[PDB]
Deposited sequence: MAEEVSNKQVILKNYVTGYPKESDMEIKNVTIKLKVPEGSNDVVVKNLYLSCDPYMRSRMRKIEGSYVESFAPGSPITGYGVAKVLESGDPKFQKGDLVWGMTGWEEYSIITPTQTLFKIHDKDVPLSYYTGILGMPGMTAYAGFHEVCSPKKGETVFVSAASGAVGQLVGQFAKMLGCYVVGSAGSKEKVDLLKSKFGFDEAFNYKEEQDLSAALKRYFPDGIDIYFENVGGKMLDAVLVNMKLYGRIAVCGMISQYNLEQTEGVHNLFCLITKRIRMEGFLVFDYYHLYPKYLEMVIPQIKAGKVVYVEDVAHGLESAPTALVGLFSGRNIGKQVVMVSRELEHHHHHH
């Protein structure tokens, strides 16, 4: 068996600063632990996902590696479904090499950048598809509002909506991102939420006849502003509330007969092949695009993870652990 040096990002203590994490260098024997069905992988890309905050205080353990979604190459497998040389995405450790237990998706199309399987072709892409295509029941010509529209999930939701023939507006936190939403992603309109004194008035300006669908990533005052601007039988897919303050306008659910429904992407993984079958031709035809931020090396991962909760990422924040 190969025995190799293995750099790891370790949680130093419960929580978010760089100094709450630590780089540790250990040795690993690259062998499937005896009698298990484990998979030994070399990690290529690691995703920085907002939900990781919840686990830093199902939680992570101080002294142990951070874990998250990544893209990896299989080195050894005790599981029939995976063999040496396979590329996979799934939960893995923040380290060069991980032993992953049976409790993980094989990658088949290598014609797109591999980092995409942390975003558009990974969990965030599946989240956008589940939330918009399944939860929202969208129809051509409907009006759609996306909060956190320039993030990994939101940038896809808006494009999926444009593909269906919807009118799409997005909210973002800077000029650079607002311009991106319109220039790159093809949103009909977008606005900087930080500049608006009255979010309700802002949405009225962009939606003179109201919002059919709100893809909710934010919550709070933004939700209150959406509620008063919804159309009859409007739908709200509750994906995240990254801002998280009391919500005051829920009476609008009755007068407008709104369905507001939360979901978790892992309930929808049985639809992943269907999602891929839709989105991969669209990527290859340049009809759906994706923007990510890629940091080089594990020694960059502490910086990359912290920077996520102030919107220092543009699209999905990724860490490249290794080239291949």
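In sequence order, the deposited residues that have no C-alpha coordinates form the ranges 1, 17-19, 62-68, 115-116, 258-263, 344-351.
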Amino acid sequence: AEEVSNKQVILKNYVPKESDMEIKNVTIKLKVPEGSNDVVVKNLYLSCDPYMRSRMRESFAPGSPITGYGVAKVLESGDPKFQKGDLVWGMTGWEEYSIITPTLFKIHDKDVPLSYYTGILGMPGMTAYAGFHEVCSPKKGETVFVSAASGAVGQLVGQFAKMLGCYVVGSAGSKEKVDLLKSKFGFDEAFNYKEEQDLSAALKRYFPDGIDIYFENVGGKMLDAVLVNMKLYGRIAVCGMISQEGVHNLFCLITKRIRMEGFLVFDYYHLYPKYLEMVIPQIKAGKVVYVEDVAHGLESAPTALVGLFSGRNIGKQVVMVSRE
From here on, numbers count along this sequence of modelled residues.
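Higher mean CA temperature factor between 292-300 and 30-38: 30-38, per the PDB entry.
Averaged over CA atoms, B-factors in the entry run higher in 273-281 than in the other of 65-73 and 273-281. You'll see in the entry that, of 210, 80, 170, 234, the Cα B factor peaks at 80. Placement of the Cα temperature factor of residue 248 within the chain: lowest third of the modelled residues, per the deposited record.
The deposited CA B-factor of residue 51 belongs to the highest third of values across its chain.
Per the deposited record, the Cα B-factor of residue 166 falls in the middle third when ranked against the other modelled residues of its chain.
For residue 147, the recorded CA B-factor ranks within the lowest third of the chain. Only modelled residues enter the ranking. When all modelled residues of the chain are sorted by CA temperature factor, residue 180 is found within the highest third.
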